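The chain below stands alone and is given in structure tokens; this is the form deposited in one PDB entry.
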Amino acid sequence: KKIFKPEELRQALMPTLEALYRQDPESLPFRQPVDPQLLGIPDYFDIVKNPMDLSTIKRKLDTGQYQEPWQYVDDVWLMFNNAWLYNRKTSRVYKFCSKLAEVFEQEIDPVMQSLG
């Protein structure tokens, strides 16, 4: 049973998160937690029960909250699923989410092979 050290996870997985941050404009809606009052979308927390964003994932990596790589992947996918659930298919946020999911799939695969 492989035990992953926090710095091993940070060194392997942080570059995949940085690849999402580097997408501009597509990462802009995801860099900070959704603020429904500021954005004028007060129904947000009625629809999205478990919010997630890039800055929260980065903090979890920096503070050793993930014991296994799949837990990090689950949080990235939670962020994507929240955006596809909440936003309309024609919206900027939905299409930007779809682009981030393509980028993430490409970056995470070789990294998971290396962590095996």
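What we label the rigid core is the largest C-alpha set whose atoms superpose within 1.5 Å from one form to the other. Start at 1 and count along the sequence shown; that's the residue number.
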{"query": "Higher-deviation segment by CA RMS in 7 other deposited structures of this protein, core fitted, 38-46 or 81-89", "finding": "38-46"}
{"query": "Stretch with the higher entry mean CA B-factor, where the candidates are 34-42 and 71-79", "finding": "34-42"}
{"query": "Which of 86-94 and 46-54 has higher mean CA B factor, as the PDB entry lists it", "finding": "46-54"}
{"query": "Chain-relative CA temperature factor third for residue 10", "finding": "lowest"}
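The same protein has a further form, the form deposited with a small molecule bound, not shown here; the description that follows concerns it.
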| item | value |
| --- | --- |
| Distance check, residue 115 to the small molecule in the entry with it bound, heavy atom within 4.5 Å | no |
| In the entry with it bound, residue 65 touching the small molecule (heavy atom, 4.5 Å) | no |
| Residue 8, heavy atom within 4.5 angstroms of the small molecule in the entry with it bound | no |
